[PDB]
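Just below is one structure, and these are the notes that go with it.
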Amino acid sequence: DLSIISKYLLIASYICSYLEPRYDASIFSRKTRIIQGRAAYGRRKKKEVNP
Amino acid sequence: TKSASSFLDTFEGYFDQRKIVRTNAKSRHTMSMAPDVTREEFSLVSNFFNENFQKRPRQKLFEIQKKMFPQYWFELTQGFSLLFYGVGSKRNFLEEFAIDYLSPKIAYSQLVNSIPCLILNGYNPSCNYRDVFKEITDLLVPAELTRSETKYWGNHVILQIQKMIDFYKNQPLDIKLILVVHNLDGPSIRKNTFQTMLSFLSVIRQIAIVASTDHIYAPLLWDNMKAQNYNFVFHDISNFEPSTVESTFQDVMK
Amino acid sequence: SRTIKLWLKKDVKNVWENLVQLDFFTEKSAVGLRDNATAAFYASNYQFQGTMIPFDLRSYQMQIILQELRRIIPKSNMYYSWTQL
Amino acid sequence: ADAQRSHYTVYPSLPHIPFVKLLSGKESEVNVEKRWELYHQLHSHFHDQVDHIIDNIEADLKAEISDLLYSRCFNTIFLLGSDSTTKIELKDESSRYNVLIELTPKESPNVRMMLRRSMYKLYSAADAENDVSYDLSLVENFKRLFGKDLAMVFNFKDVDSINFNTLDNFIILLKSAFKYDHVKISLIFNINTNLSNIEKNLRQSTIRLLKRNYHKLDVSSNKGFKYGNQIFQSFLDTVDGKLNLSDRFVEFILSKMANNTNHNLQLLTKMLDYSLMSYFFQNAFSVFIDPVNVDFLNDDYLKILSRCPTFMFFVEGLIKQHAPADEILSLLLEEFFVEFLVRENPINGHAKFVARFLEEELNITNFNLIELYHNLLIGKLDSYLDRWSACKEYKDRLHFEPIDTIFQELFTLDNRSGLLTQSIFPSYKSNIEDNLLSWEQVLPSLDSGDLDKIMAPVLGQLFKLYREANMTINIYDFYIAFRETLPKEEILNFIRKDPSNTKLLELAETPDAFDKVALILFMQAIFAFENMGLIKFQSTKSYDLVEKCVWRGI
DNA sequence: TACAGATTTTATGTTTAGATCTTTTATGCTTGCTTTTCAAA
DNA sequence: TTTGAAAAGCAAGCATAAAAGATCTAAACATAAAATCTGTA
């Protein structure tokens with residue numbers, strides 16, 4: 001019995017708590033570029049411990 | 001130092017501006033290369049620019065904002081607390097609205113002295129909630145707690161305000177006190193006990209609440225219960241005012 | 001792979017609480033039982049961070065190490081081979 | 001100085017309604033007072049029903065808790081979505097003290113304080129209708145002191161806020177009273193989140209103890225929509241025959257009501273109230289919801305009402321259907337305005353009809369009357385009734401097409417200006433960002449006129465460079481970037497405009513004058529940014545670098 | 001003046017709110033090497 | 001269609017911020033006997 005905003009804020013807080021903040025542009029960035037640039041490439045090799 | 005980022009706004013700009021700068025790409029520029037400025041010339045140039053730069057548009061804008069004063073009065077008579085926000089100082093606006101306008105209107109409509117206005121300087125870090133409630137108890141003379149109402153090492157201020165809420169629900173709905181809170185998100189008034197005290201006072205229909213906020217994250221202070229008790233109507237009043245009174249408690253040299 | 005019932009998480013929570021209660025586990029950097037009544041009074045008015053996070057994330061330390069378990073657990077036990085790494 | 005004080009009281013100097021004169025100030029004061037009194041009867045008629053509904057919520061909820069509380073273990077009640085405001089009643093049951101104990105997390109820092117407050121309240125309540133120790137031996141000696149049996153009802157308020165180790169140890173402490181034959185204990189838990197979040201924080205033996213007899217009770221106002229429908233129906237019967245509700249307004253009500261779950265009814269009351277205040281403050285036609293004001297027609301009323309699009313459509317349909325032009329020019333009205341403001345508008349009574357038919361004739365209770373009213377407004381009531389698979393035979397009886405009546409735009413509650421959004425649910429930090437970035441929508445551009453014309457205000461000029469920068473900003477490079485935007489000559493002319501100030505004139509002829517002025521303005525704007533929360537010094541004793549904290553459009 | 005009763009003074013115990021300092025751990029900066037997508041031929 | 005090359009990634013080492021709490025103080029809350037002050041008598 002939580003609100004829709006409370007539910008997505010809980011999901012986003014879990015994502016912020018368990019994803020390191022240097023690869024978010026490799027997942028969430030989607031918008032068309034007018035200026036030349038590169039987003040984050042992503043994580044190179046996977047970790048073998050579930051965070 | 002304009003960023004070499006493709007994006008400026010939203011989460012796109014947030015993720016695009018938080019990238020990694022190399023050591024050779026950083027600038028080792030310090031404050032020692034800045035021109036030396038003493039306190040007196042700082043004061044002189046600031047009071048010159050704060051009294052002559054963009055003064056006429058600020059004056060005309062302020063004359064537009066007092067056409068909102070009857071609507072503010074009407075929102076206060078229906079039980080809503082006023083929250084003002086914007087860019088610049090709102091202190092002169094709040095005292096001019098509450099003292100020169102609102103208190104004579106409330107006093108004349110309730111027909112001989114005017115309504116007392118209790119001012120809280122929340123920009124002052126020494127703003128103390130117990131002394132504010134001491135002034136409130138002198139202004140309103142509430143009934144003291146009996147022995148069963150003191151509970152067991154309870155907070156006497158909060159219990160007295162709850163007794164006040166239960167008392168004032170069966171009174172005529174005439175405003176007896178105007179509580180002006182400059183900088184409701186200030187350094188000591190933003191604490192949980194002060195906010196709880198002020199929201200429970202905002203429950204009482206006989207106290208008019210006119211508050212202002214300066215921090216960009218001020219609505220984080222209020223949960224569902226405090227938003228219900230505060231009963232805010234929000235009004236954006238941006239004026240680009242100097243805010244020289246509130247700057248006396250910080251050090252401008254740093 | 002080389003049968004034993006695998007128990008679920010909700011059932012293993014009770015076994016975990018019984019192992020904590022029997023002092024096989026110990027909370028990380030826990031002082032425990034204070035020396036004098038004044039220190040215990042000071043501790044009783046403090047809200048420890050371990051008591052607010054969920055139980056599955058609490059850090060714990062062993063009161064008995066794996067080598068000691070290999071010393072005491074008999075050879076005929078079906079989990080004796082996992083007392084070595 | 002009072003400005004440097006913590007608090008001070010001003011006894012203002014006294015040298016009559018807040019409603020203003022409309023029709024560009026040409027409205028009479030009689031119409032202003034009649035609008036005031038009309039708003040007061042509508043507001044009183046709505047709020048009397050709202051107070052009665054809230055009292056009925058309290059009474060029925062105490063009745064449900066009293067039923068569940070009565071008729072060697074704890075008697076456990078879990079109140080889900082409680083918010084812990086209700087006063088729980090216990091009966092008078094002879095030869096037995098029924099003592100009710102409220103505990104909050106603030107009153108519960110440890111188990112010792114819980115027991116001491118509980119036994120002090122128990123002893124005080126037993127004495128109210130020789131000192132003792134405030135411990136559990138008061139419970140075992142209760143029949144020796146007072147002569148009657150004991151029934152303790154513990155009410156834990158805000159269970160999602162109390163430390164769960166303390167609460168577990170307190171329940172284990174209260175387990176010790178089961179060996180006394182004159183004691184029964186009931187526990188009431190005000191659960192706000194859900195029951196699965198509570199049992200993952202309690203130990204398994206405590207859950208096994210609590211499992212012997214427990215009752216769940218959904219005590220939310222959202223359950224069944226039974227209390228929201230009464231408030232919305234009370235607002236409908238207040239404005240029935242006087243005001244209409246737009247589909248935009250009802251959709252706004254539903255969208256805002258979804259975003260708040262624990263406090264839904266007073267948000268709905270606040271939104272409907274503010275819409276009523278806005279209508280009675282902005283509209284001069286509000287006096288025409290009373291039929292006795294039809295002699296108050298003036299010219300400005302006619303030119304305001306002639307711009308209605310329903311009137312526009314009606315007269316273009318009239319020129320479509322009527323060939324001669326003499327009858328068209330006669331209408332282009334005062335007598336035609338009166339005969340249509342007395343129409344019944346039976347959508348409210350029909351909404352009540354389908355509400356009582358769904359509730360008391362088909363035994364269907366899980367409907368939102370606000371959503372049903374929105375579907376009746378948009379014309380899709382059948383697409384709302386084809387869900388329960390029982391209104392198929394009654395699909396043709398409950399048919400209603402919307403009638404877009406003439407001059408309903410002067411009597412309606414809408415939101416096409418965003419006033420309800422700007423006042424009740426504003427985009428606070430977005431408004432601050434947009435006032436900082438643009439600033440020509442705040443300060444007027446009047447046509448020191450030159451420096452006001454060609455130089456921005458300092459906070460907006462700082463924000464324009466702040467937004468285009470990186471996360472980490474060098475302060476000296478920020479000051480260099482800010483100094484380039486400023487005019488080096490017009491500022492030095494501006495500080496020489498006043499010949500009375502001599503020290504500023506002396507500082508103006510310094511060869512390092514403009515950089516000093518730029519650094520003073522830059523530092524004042526930087527500390528304004530620091531107080532607003534826009535920047536942060538990532539240090540303690542250097543203050544050479546700052547970190548951006550706020551992004552526009554988030 | 002006499003004296004019961006109310007208030008003050010002095011003295012101490014109970015509980016909560018907050019400050020300061022210590023110890024251990026997270027976190028960010030630097031520097032050198034390695035992978036990877038996009039601007040250009 | 002390549003290509004190459006600068007942006008991104010990664011990790012070892014280290015200086016430093018900061019979390020957690022041990023320890024303590026002071027204010028609010030609470031009680032209580034002896035002395036002292038008040039109001040009648």
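Side-chain atoms are counted along with the backbone in the values below, which use heavy atoms only and exclude waters and symmetry mates. So that the names make sense, note that chain A is the first sequence line, chain B the second, and so on, each numbered from 1.
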Distance flag, aromatic centroids of D:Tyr466 and D:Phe463, threshold under 6.0 Å: yes

Where along residues 114-124 of chain D does a heavy atom fall under 4.0 Å from DNA chain E? D:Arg116, D:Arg117

Using a 4.0 Å cut-off on heavy atoms, which residues in residues 9-20 of chain B reach DNA chain E? List them by number, or say none. none

F:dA19 phosphate, OP1 or OP2: any side-chain N/O from C:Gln49 under 4.0 angstrom? no

Show me, pair by pair, the donor-acceptor contacts under 3.5 angstrom made by side chains of residues 20-37 of chain C, not counting sequence neighbours?
| unit_1 | atom_1 | unit_2 | atom_2 | d |
| --- | --- | --- | --- | --- |
| C:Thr26 | OG1 | C:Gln63 | NE2 | 3.4 |
| C:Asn36 | OD1 | C:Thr38 | N | 3.2 |
| C:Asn36 | OD1 | C:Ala39 | N | 2.9 |

Just by distance, do the side chain of B:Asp16 and the backbone of B:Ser6 share a donor-acceptor pair under 3.5 Å? yes

Per-nt protein contacts along nucleotides 25-41 of chain E (heavy atom under 4.0 Å; B base, S backbone sugar-phosphate only, - none) come out as ----SSBBBBBBBSS--

Step through it carefully: locate the ring centre of B:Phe7, locate the ring centre of B:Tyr14, and say whether they are under 6.0 Å apart. no

At less than 4.0 Å, is any side-chain N or O atom of A:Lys47 found next to OP1 or OP2 of F:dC10? Yes or no. no

Centroid-centroid distance, D:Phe527 to D:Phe529, less than 6.0 Å: no

Summary of protein contacts for nucleotides 23-33 of chain F, nucleotide by nucleotide, where a base hit scores B, a sugar-phosphate-only hit scores S (4.0 Å, heavy atoms): BBB--BBSS--

For D:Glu107, enumerate each residue passing the side chain to side chain contact (heavy atoms under 4.5 Å, CB included) test, keeping only those at least two apart in sequence or located in another chain. B:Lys151, D:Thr104, D:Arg117, D:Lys121

Give D:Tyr134 one of three labels, base, sugar-phosphate or nothing, depending on what nucleic acid heavy atoms sit under 4.0 Å from its own. nothing

